[PDB]
Amino acid sequence: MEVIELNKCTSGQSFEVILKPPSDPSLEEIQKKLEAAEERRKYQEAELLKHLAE
Amino acid sequence: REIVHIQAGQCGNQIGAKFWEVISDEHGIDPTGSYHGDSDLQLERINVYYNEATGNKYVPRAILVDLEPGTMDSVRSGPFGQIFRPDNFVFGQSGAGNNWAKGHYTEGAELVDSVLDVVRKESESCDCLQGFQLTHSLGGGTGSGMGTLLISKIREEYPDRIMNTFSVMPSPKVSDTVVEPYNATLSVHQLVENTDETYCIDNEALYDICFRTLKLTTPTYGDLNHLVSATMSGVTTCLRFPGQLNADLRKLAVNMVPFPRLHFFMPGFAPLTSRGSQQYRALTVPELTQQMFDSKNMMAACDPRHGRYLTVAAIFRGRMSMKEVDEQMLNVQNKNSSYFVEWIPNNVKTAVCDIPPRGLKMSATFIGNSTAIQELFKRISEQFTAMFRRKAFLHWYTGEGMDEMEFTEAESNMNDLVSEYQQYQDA
Amino acid sequence: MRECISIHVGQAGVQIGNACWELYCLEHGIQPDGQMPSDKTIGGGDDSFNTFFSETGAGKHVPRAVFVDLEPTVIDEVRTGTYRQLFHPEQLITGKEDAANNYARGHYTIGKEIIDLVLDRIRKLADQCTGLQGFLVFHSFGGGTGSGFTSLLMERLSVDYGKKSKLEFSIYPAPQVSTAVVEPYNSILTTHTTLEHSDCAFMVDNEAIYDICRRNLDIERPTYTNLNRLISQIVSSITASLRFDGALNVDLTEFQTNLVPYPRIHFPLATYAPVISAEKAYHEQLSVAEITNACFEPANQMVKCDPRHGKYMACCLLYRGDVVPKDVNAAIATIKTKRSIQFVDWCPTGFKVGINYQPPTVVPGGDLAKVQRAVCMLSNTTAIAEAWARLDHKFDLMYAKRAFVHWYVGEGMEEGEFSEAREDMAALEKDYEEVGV
Amino acid sequence: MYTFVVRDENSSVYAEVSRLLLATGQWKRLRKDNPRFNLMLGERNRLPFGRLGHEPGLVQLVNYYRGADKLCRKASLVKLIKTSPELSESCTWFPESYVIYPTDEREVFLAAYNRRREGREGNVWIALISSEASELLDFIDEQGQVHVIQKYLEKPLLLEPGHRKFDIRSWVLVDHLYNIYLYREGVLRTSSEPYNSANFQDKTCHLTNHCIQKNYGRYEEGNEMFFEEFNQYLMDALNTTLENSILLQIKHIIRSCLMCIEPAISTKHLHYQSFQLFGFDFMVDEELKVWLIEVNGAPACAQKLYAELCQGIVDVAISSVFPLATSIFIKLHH
Ligand SMILES: Nc1nc2c(ncn2[C@@H]2O[C@H](COP(=O)(O)OP(=O)(O)OP(=O)(O)O)[C@@H](O)[C@H]2O)c(=O)[nH]1
Ligand SMILES: Nc1ncnc2c1ncn2[C@@H]1O[C@H](COP(=O)(O)OP(=O)(O)CP(=O)(O)O)[C@@H](O)[C@H]1O
Ligand SMILES: Nc1nc2c(ncn2[C@@H]2O[C@H](COP(=O)(O)OP(=O)(O)O)[C@@H](O)[C@H]2O)c(=O)[nH]1
Ligand SMILES: [Ca+2]
Ligand SMILES: [Mg+2]
Ligand SMILES: [Mg+2]
């Protein structure tokens with residue numbers, strides 16, 4: 001019913017119609033997560049080469 | 001993404017040679033190593049298997065291994081024998097006498113370093129090596145014993161690369177010696193640990209297919225190898241031609257292997273055809289879909305109705321309605337949903353390639369990770385236990401330095417593999 | 001004028017980027033070589049299109065975009081594509097080996113050795129800006145790169161560009177075009193890690209796009225090209241307000257203000273109409289009332305769900321073509337009495353409307369037919385949570401057996417991150433429940 | 001070969017449906033958590049509608065309408081009836097009711113309670129049955145959950161011989177096309193003990209539930225009079241039929257209730273389709289004026305009518321979508 005904020009221009013026009021009213025981690029921590037996971041890869045690869053060495 | 005091919009032993013080199021023969025024709029490469037095709041689809045991903053030389057010469061990235069020069073000399077005189085890089089011919093003289101111990105511990109250990117020097121020379125040329133693929137039997141000594149030794153040493157030097165294998169399983173129906181169950185069990189133990197992907201090619205199945213289906217009264221190793229080369233070409237299609245699904249060895253493993261030890265695949269193929277005998281009638285898509293799933297078409301002597309499919313990879317080849325493929329593929333899963341585990345949603349993945357194989361207007365290759373594969377390993381275990389309970393024919397191995405405990409361990413680990421496959425069959 | 005940088009991650013992100021920027025160039029009259037005859041301010045300016053394009057003294061108008069993929073085959077087709085002259089090498093980043101459909105491989109393993117390079121190449125674009133609004137990130141949920149590397153990038157951008165807004169254009173996984181079985185894993189993982197770092201995300205279920213192409217364009221087996229050219233039309237409708245003169249959604253902050261009252265619930269549902277086949281011999285042009293009524297048909301949504309059994313928090317109507325406020329208000333009045341449109345009690349029941357007189361552009365040789373008037377509705381409905389439910393169910397099925405988990409743990413990831421990610425999704429489904437019922 | 005699942009074991013109705021389906025040899029039952037189904041006989045609570053219609057290559061169907069609880073819940077039905085313009089403030093066929101929350105429209109309820117008292121007319125209500133508003137409000141707050149207060153029909157039609165009370169149960173089936181099918185065989189769940197006008201404390205002759213009654217089995221077998229007998233009774237005792245005096249009102253109330261919520265639950269253009277069996281409970285006063293009492297979203301059938309009805313469901317609701325290799329319903333047209 002109620003049209004408001006009607007703005008017009010050459011390109012077009014915009015407006016709002018209301019029908020009814022109502023009723024972060026740091027760079028440190030990131031680098032710590034990535035490197036920690038890198039160690040877990042290194043440990044896993046080391047255990048493999050240790051196992052293969054046997 | 002380059003793949004380094006290796007073929008070990010009599011069987012490995014004979015199917016390996018047949019493999020390079022088949023796909024070389026598909027990629028329009030002649031025995032001279034020159035391209036003479038009509039489509040650019042053939043050369044887009046030809047670098048995966050072929051090294052390019054000056055004058056546009058394509059040389060297989062293949063390494064031929066054997067502890068005796070007998071079979072490898074036959075390859076070099078064979079049809080495409082000249083295409084192979086001569087320096088990649090690495091061989092001994094003693095042979096392994098169908099002895100796993102000889103191939104893995106004594107005779108083969110003497111030769112393995114020479115092989116790894118060739119592997120290293122190829123790998124250094126690779127822009128981005130994705131992994132290796134091996135062709136060998138598990139019933140012999142070289143391909144089984146030395147093959148698994150190579151795999152172990154390749155993993156040590158390339159632990160972040162994929163290891164694939166085409167492993168031919170032994171069978172009494174097609175038997176060279178009585179000690180094949182021993183060599184096989186010892187090899188499975190190695191494959192469970194040091195491979196990401198293994199295509200189980202049962203000689204029992206290849207025989208039954210040639211006998212029962214293809215009506216060949218007395219099939220030879222040549223008849224058996226017609227099926228292998230057909231399957232080998234199919235399962236590598238997605239790797240050799242431009243595609244979205246399972247284009248590389250790793251992505252295939254991620255989609256096919258829910259658990260690291262359970263990576264032994266049942267290959268299937270349709271239409272089944274014998275050598276020479278040309279078929280004139282092209283199969284409909286419903287026929288390809290029905291056949292490729294039938295037990296009579298599996299390359300591994302296992303009943304897929306006795307287990308459940310963890311994952312499945314299918315590849316239709318030729319010119320067809322991809323819509324009809326999607327329909328028929330969905331029809332199988334919906335008709336027989338019980339034979340697909342419910343705890344892996346959408347575990348079936350289909351692909352299509354325009355280029356069909358030679359002789360056929362269209363075909364379909366099946367790759368299934370079924371729990372029913374245990375029937376294969378159980379069969380080997382029974383034949384193993386039958387001899388081992390009396391320690392029969394064991395002196396061939398202890399004479400090479402092996403202990404009885406190592407057999408007991410190999411036996412136990414394969415029985416574990418069986419039980420693990422059984423675990424997910426009743427989940 | 002404030003600039004916007006577009007980041008395209010993974011195959012899906014790159015190829016969709018190609019479709020969008022292709023469409024942008026045709027809408028603004030920019031040629032493949034980058035020359036824009038209509039732009040009379042040579043060597044620079046601060047027009048509305050400059051939000052997406054910078055300018056060189058030579059008169060070339062280059063996209064403010066970066067393309068990243070851990071595998072070169074896709075972006076290489078951009079380097080040699082028809083718009084190869086449009087970008088420059090420093091905008092196109094490629095790795096050696098992909099993430100192999102593995103989130104952990106794209107985030108932790110391979111993601112670690114290129115994150116610094118990408119940020120530097122992004123910083124080079126940011127330095128060329130006078131007033132950076134923020135970023136528009138295009139990626140997939142299923143891919144290892146689209147899921148893994150995006151979440152890592154979205155984390156670092158929040159650190160390097162804390163004040164800047166970040167919008168998402170995400171491709172929700174669909175079996176009919178799926179490339180991996182573990183895409184549900186990758187989807188939950190990247191959502192959890194990106195959630196706090198995303199201001200507004202437009203999800204597009206390939207399932208929905210796939211059936212629209214089959215149903216309305218009569219394409220039996222839609223290719224990515226068929227999907228992408230349709231998606232680009234939706235994206236264009238959303239970003240048109242940033243590239244054209246207007247007074248609705250003129251900057252990134254307004255997208256969040258208008259569509260996202262609650263931060264975590266920042267997944268507006270998009271509905272587009274009409275989609276018409278170019279090969280359709282005879283077509284009757286649809287009216288404002290008809291296309292507007294189509295915005296409430298599930299068959300036209302980017303995600304298949306049922307808004308009737310949920311609640312709205314916001315609702316925007318973006319028109320392109322012969323449309324005037326009078327017809328829209330009449331259409332809204334009619335539809336309101338016919339359909340079930342329930343807003344949350346703490347929100348006004350209304351519609352923010354935007355109209356551009358220029359009708360939607362179509363790619364020559366494309367599958368879409370030129371239309372006299374089209375519309376894209378952006379509605380923040382709790383019904384979109386059905387997609388989260390579908391996705392989390394598949395996640396529970398596989399994870400109960402720990403299937404494929406070893407692939408992720410093998411890349412240094414912890415099995416705890418699976419349950420942590422799933423717990424965050426469980427909370428999200430609850431948030432949607434509290435608001436929705 | 002179609003496929004289906006069962007997720008409600010307590011369903012006496014669909015236990016028979018599942019039996020009939022398997023007996024055709026063209027339907028296969030799967031496990032509960034098998035997503036590759038054509039039909040789903042879902043649960044009564046937390047039925048995952050959001051996971052339906054997302055299986056490529058499968059036309060899926062479910063035996064429940066999402067959002068149909070707005071009609072099958074007492075607190076919701078009152079709201080629906082009072083808010084919906086199609087049903088309005090005061091439709092003649094629904095008793096005057098109010099929604100009351102334990103410590104809303106309590107003040108509104110008392111406003112009407114005064115007119116009845118300051119008019120010296122019938123002033124009895126039901127949640128327990130009483131004529132004092134204070135006795136009722138103290139009962140609702142003592143229970144815990146939300147209840148509905150409703151005008152008690154003080155002048156109900158009474159069956160003779162016996163001077164008894166009764167309620168009619170009609171079974172309605174709405175298919176995927178939203179065709180409203182009324183089952184021709186209904187049932188009168190009668191009271192065996194004579195209706196007492198004064199003493200409301202005795203709820204054995206006021207409440208006509210099949211469980212409470214179980215004088216059980218005196219007049220008819222199991223306190224269940226079918227239409228052939230009830231019709232014959234009307235003709236002999238009142239010189240009218242069942243069709244005219246009652247059924248037209250029933251067909252009207254059913255047609256009205258479902259048309260009201262059609263746009264809110266219809267699965268016409270959805271990715272999955274729905275059907276559902278409803279059980280409407282009506283009430284007749286001495287002037288042969290039918291009153292709607294409530295709607296049951298998960299109704300049980302009568303032992304005699306199980307076979308015929310359960311088969312009926314398969315034909316028009318299931319076999320219509322999934323065809324295989326005169327009618328018992330009345331199509332309420334609209
Ligand atoms: N709509 C649309 N979806 C795509 C497109 N390309 C890929 N996808 C979807 O993206 C999902 C997989 O993500 P990808 O983008 O292919 O993978 P990626 O981002 O390159 O990451 P990697 O695994 O490292 O290759 C699949 O489910 C596809 O359906 C595309 O061009 N358009
Ligand atoms: N407003 C009213 N006036 C007169 N009698 C009424 C009434 N409301 C209910 N009754 C009587 O009370 C009985 C049971 O009430 P209701 O039917 O509301 O409970 P229920 O919902 O537990 C039964 P079902 O299991 O069939 O759904 C009715 O069959 C009817 O005989
Ligand atoms: N399919 C096939 N199997 C073979 C062939 N040759 C040998 N085998 C199998 O391999 C086993 C013998 O191993 P073999 O290859 O001869 O040992 P190796 O040469 O020392 O490695 C037996 O179980 C055979 O069934 C062949 O040409 N084709
Ligand atoms: Ca300018
Ligand atoms: Mg031999
Ligand atoms: Mg990729």
# chains A, B, ... in the order shown; residues from 1 in each chain; ligands from 1
>>> residues_near_ligand(ligand="ligand 6", cutoff="10 Å", atoms="only C-alpha atoms and all ligand atoms", output="ChimeraX atom specification")
/B:244 /C:9-14,69-74,97-101,143-146,179
>>> interface_residues(of="chain D", to="chain C", cutoff="9 Å", atoms="only C-alpha atoms", output="PyMOL selection string")
chain D and resi 48-51+53-56+66-67+263-265+269-271
>>> interface_residues(of="chain B", to="chain A", cutoff="12 Å", atoms="only C-alpha atoms", output="list in words")
residues 149, 151, 152, 153, 154, 155, 156, 157, 158, 159, 160, 190, 193 and 194 of chain B
>>> interface_residues(of="chain B", to="chain C", cutoff="8 Å", atoms="only C-alpha atoms", output="PyMOL selection string")
chain B and resi 128+244-246+250-251+254-255+257-260+322-323+342-347+349
>>> residues_around(residues="residue A:22", least_positions_apart="3", cutoff="10 Å", atoms="only C-alpha atoms", output="list in words")
residues 343, 344, 345, 346, 347, 348, 349 and 350 of chain C
>>> write_last_selection(atoms="C-alpha atoms", output="CSV table (one decimal), in the first residue's frame")
chain,number,residue,atom,x,y,z
C,343,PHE,CA,7.4,-12.5,7.8
C,344,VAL,CA,8.9,-12.7,11.2
C,345,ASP,CA,7.1,-10.5,13.8
C,346,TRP,CA,10.1,-8.3,14.3
C,347,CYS,CA,10.2,-7.4,10.6
C,348,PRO,CA,7.9,-5.2,8.4
C,349,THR,CA,6.0,-7.1,5.7
C,350,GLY,CA,7.2,-5.3,2.6
>>> atom_distance(atom1="atom CA of residue B:183", atom2="atom CA of residue B:139")
5.3 Å
>>> residues_around(residues="residue A:17", least_positions_apart="4", cutoff="7 Å", atoms="only C-alpha atoms", output="PDB file with C-alpha atoms, in the first residue's frame")
ATOM      1  CA  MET A   1       0.000   0.000   0.000  1.00  0.00           C
ATOM      2  CA  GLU A   2       2.446   2.643   1.233  1.00  0.00           C
ATOM      3  CA  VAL A   3       5.177   3.444  -1.299  1.00  0.00           C
ATOM      4  CA  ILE A   4       8.218   5.294   0.072  1.00  0.00           C
TER       5      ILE A   4
ATOM      6  CA  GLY C 350       7.181  -5.268   2.602  1.00  0.00           C
ATOM      7  CA  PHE C 351       9.343  -5.323  -0.518  1.00  0.00           C
ATOM      8  CA  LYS C 352      12.378  -3.254  -1.459  1.00  0.00           C
TER       9      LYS C 352
END
>>> residues_around(residues="stretch 287-289 of chain B", least_positions_apart="6", cutoff="7 Å", atoms="only C-alpha atoms", output="PyMOL selection string")
chain B and resi 270-271+328-329+363-364
>>> write_last_selection(atoms="C-alpha atoms", output="PDB file, in the first residue's frame")
ATOM      1  CA  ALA B 270      30.784 -55.308 -21.746  1.00  0.00           C
ATOM      2  CA  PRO B 271      30.253 -56.546 -24.361  1.00  0.00           C
ATOM      3  CA  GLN B 328      19.867 -46.661 -17.031  1.00  0.00           C
ATOM      4  CA  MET B 329      22.571 -46.031 -14.432  1.00  0.00           C
ATOM      5  CA  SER B 363      31.362 -50.431 -24.703  1.00  0.00           C
ATOM      6  CA  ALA B 364      31.205 -50.009 -20.929  1.00  0.00           C
TER       7      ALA B 364
END
>>> residues_near_ligand(ligand="ligand 5", cutoff="9 Å", atoms="only C-alpha atoms and all ligand atoms", output="NGL selection string")
:B and (9-11 or 97-98 or 139-141 or 176-177)
>>> write_last_selection(atoms="N, CA and C atoms", output="mmCIF file, in the first residue's frame")
data_model
loop_
_atom_site.group_PDB
_atom_site.id
_atom_site.type_symbol
_atom_site.label_atom_id
_atom_site.label_comp_id
_atom_site.auth_asym_id
_atom_site.auth_seq_id
_atom_site.Cartn_x
_atom_site.Cartn_y
_atom_site.Cartn_z
ATOM 1 N N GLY B 9 57.935 -59.366 -14.619
ATOM 2 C CA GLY B 9 57.744 -60.794 -14.778
ATOM 3 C C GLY B 9 57.152 -61.184 -16.116
ATOM 4 N N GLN B 10 56.896 -62.478 -16.277
ATOM 5 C CA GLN B 10 56.348 -63.016 -17.515
ATOM 6 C C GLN B 10 54.958 -62.458 -17.790
ATOM 7 N N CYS B 11 54.050 -62.659 -16.840
ATOM 8 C CA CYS B 11 52.676 -62.193 -16.977
ATOM 9 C C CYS B 11 52.616 -60.680 -17.145
ATOM 10 N N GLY B 97 62.046 -68.799 -10.556
ATOM 11 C CA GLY B 97 61.508 -70.139 -10.391
ATOM 12 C C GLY B 97 60.206 -70.177 -9.613
ATOM 13 N N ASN B 98 59.315 -69.235 -9.910
ATOM 14 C CA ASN B 98 58.030 -69.129 -9.224
ATOM 15 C C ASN B 98 58.186 -69.062 -7.706
ATOM 16 N N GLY B 139 51.194 -64.966 -8.571
ATOM 17 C CA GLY B 139 51.421 -66.394 -8.445
ATOM 18 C C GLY B 139 52.856 -66.804 -8.718
ATOM 19 N N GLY B 140 53.591 -65.947 -9.421
ATOM 20 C CA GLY B 140 54.969 -66.230 -9.773
ATOM 21 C C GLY B 140 55.958 -65.775 -8.718
ATOM 22 N N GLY B 141 57.202 -65.563 -9.139
ATOM 23 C CA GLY B 141 58.268 -65.161 -8.241
ATOM 24 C C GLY B 141 58.735 -63.740 -8.489
ATOM 25 N N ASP B 176 50.326 -72.756 -12.927
ATOM 26 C CA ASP B 176 51.672 -73.132 -13.337
ATOM 27 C C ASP B 176 52.306 -74.054 -12.300
ATOM 28 N N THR B 177 52.135 -73.708 -11.027
ATOM 29 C CA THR B 177 52.715 -74.479 -9.933
ATOM 30 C C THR B 177 51.770 -74.534 -8.737
#
>>> interface_residues(of="chain D", to="chain B", cutoff="9 Å", atoms="only C-alpha atoms", output="PyMOL selection string")
chain D and resi 1-3+30-31+33-37+56-58
>>> write_last_selection(atoms="N, CA and C atoms", output="short mmCIF file (atom, residue, chain, number, x, y, z; two decimals), in the first residue's frame")
data_model
loop_
_atom_site.label_atom_id
_atom_site.label_comp_id
_atom_site.auth_asym_id
_atom_site.auth_seq_id
_atom_site.Cartn_x
_atom_site.Cartn_y
_atom_site.Cartn_z
N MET D 1 8.75 -52.09 -11.16
CA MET D 1 8.92 -52.42 -9.71
C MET D 1 9.15 -51.15 -8.90
N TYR D 2 8.08 -50.67 -8.27
CA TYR D 2 8.17 -49.48 -7.42
C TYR D 2 8.71 -49.86 -6.05
N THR D 3 9.16 -48.86 -5.30
CA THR D 3 9.74 -49.09 -3.98
C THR D 3 9.13 -48.15 -2.95
N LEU D 30 11.72 -51.25 1.32
CA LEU D 30 13.13 -51.04 1.63
C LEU D 30 13.30 -50.83 3.13
N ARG D 31 14.51 -50.45 3.53
CA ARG D 31 14.78 -50.14 4.93
C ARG D 31 14.33 -48.72 5.23
N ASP D 33 15.99 -46.08 6.38
CA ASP D 33 16.91 -45.03 5.95
C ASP D 33 17.46 -45.27 4.54
N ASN D 34 16.64 -45.85 3.68
CA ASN D 34 16.99 -46.01 2.27
C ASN D 34 16.37 -44.87 1.46
N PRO D 35 17.19 -43.95 0.93
CA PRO D 35 16.65 -42.75 0.28
C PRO D 35 16.07 -43.00 -1.11
N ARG D 36 16.38 -44.14 -1.70
CA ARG D 36 15.98 -44.43 -3.08
C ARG D 36 14.59 -45.06 -3.14
N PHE D 37 13.59 -44.33 -2.66
CA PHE D 37 12.22 -44.82 -2.62
C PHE D 37 11.30 -44.01 -3.54
N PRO D 56 17.44 -37.84 -8.07
CA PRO D 56 17.30 -37.88 -9.54
C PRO D 56 16.88 -39.25 -10.04
N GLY D 57 15.92 -39.27 -10.96
CA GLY D 57 15.43 -40.52 -11.54
C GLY D 57 14.34 -41.17 -10.72
N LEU D 58 13.84 -40.46 -9.71
CA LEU D 58 12.78 -40.97 -8.84
C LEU D 58 11.65 -39.96 -8.67
#
>>> residues_around(residues="stretch 190-200 of chain C", least_positions_apart="2", cutoff="6 Å", atoms="only C-alpha atoms", output="VMD selection string")
chain C and resid 147 151 166 to 167 187 to 188 266 421
>>> residues_around(residues="residue C:258", least_positions_apart="3", cutoff="12 Å", atoms="only C-alpha atoms", output="VMD selection string")
(chain A and resid 16) or (chain C and resid 199 to 200 248 to 255 261 to 263 266 268 313 to 317 347 to 348 350 to 353 378 to 380)
>>> select_by_dssp(residues="stretch 2-49 of chain A", states="strand (DSSP E)", output="list in words")
residues 2, 3, 4, 5, 6, 7, 8, 12, 13, 14, 15, 16, 17, 18, 19 and 20 of chain A
>>> residues_near_ligand(ligand="ligand 4", cutoff="6 Å", atoms="only C-alpha atoms and all ligand atoms", output="list in words")
residues 39, 41, 42, 44 and 45 of chain C
>>> closest_atom_pairs(of="chain B", to="ligand 3", cutoff="7 Å", atoms="only C-alpha atoms and all ligand atoms", output="CSV")
residue,atom,partner,partner_atom_place_in_ligand_line,distance
B:8,CA,ligand 3,21 (O),6.1
B:9,CA,ligand 3,21 (O),3.3
B:10,CA,ligand 3,19 (O),3.3
B:11,CA,ligand 3,15 (O),3.7
B:12,CA,ligand 3,15 (O),6.2
B:14,CA,ligand 3,27 (O),5.4
B:15,CA,ligand 3,28 (N),6.5
B:66,CA,ligand 3,19 (O),6.9
B:95,CA,ligand 3,20 (O),6.6
B:96,CA,ligand 3,20 (O),5.4
B:97,CA,ligand 3,20 (O),6.3
B:98,CA,ligand 3,20 (O),5.3
B:136,CA,ligand 3,15 (O),6.7
B:137,CA,ligand 3,10 (O),4.6
B:138,CA,ligand 3,11 (C),6.4
B:139,CA,ligand 3,11 (C),4.1
B:140,CA,ligand 3,13 (O),3.2
B:141,CA,ligand 3,20 (O),4.3
B:142,CA,ligand 3,21 (O),3.6
B:143,CA,ligand 3,21 (O),3.5
B:144,CA,ligand 3,21 (O),5.9
B:168,CA,ligand 3,3 (N),6.4
B:169,CA,ligand 3,23 (O),6.6
B:170,CA,ligand 3,23 (O),3.9
B:171,CA,ligand 3,23 (O),6.2
B:174,CA,ligand 3,25 (O),5.2
B:175,CA,ligand 3,25 (O),5.2
B:176,CA,ligand 3,22 (C),5.3
B:180,CA,ligand 3,23 (O),6.0
B:203,CA,ligand 3,1 (N),6.0
B:221,CA,ligand 3,28 (N),4.6
B:222,CA,ligand 3,27 (O),6.6
B:224,CA,ligand 3,1 (N),5.3
B:225,CA,ligand 3,1 (N),5.4
>>> interface_residues(of="chain C", to="chain A", cutoff="10 Å", atoms="only C-alpha atoms", output="count of residues only")
60
>>> select_by_dssp(residues="chain A", states="helix (DSSP H, G or I)", output="list in words")
residues 27, 28, 29, 30, 31, 32, 33, 34, 35, 36, 37, 38, 39, 40, 41, 42, 43, 44, 45, 46, 47, 48, 49, 50, 51, 52 and 53 of chain A
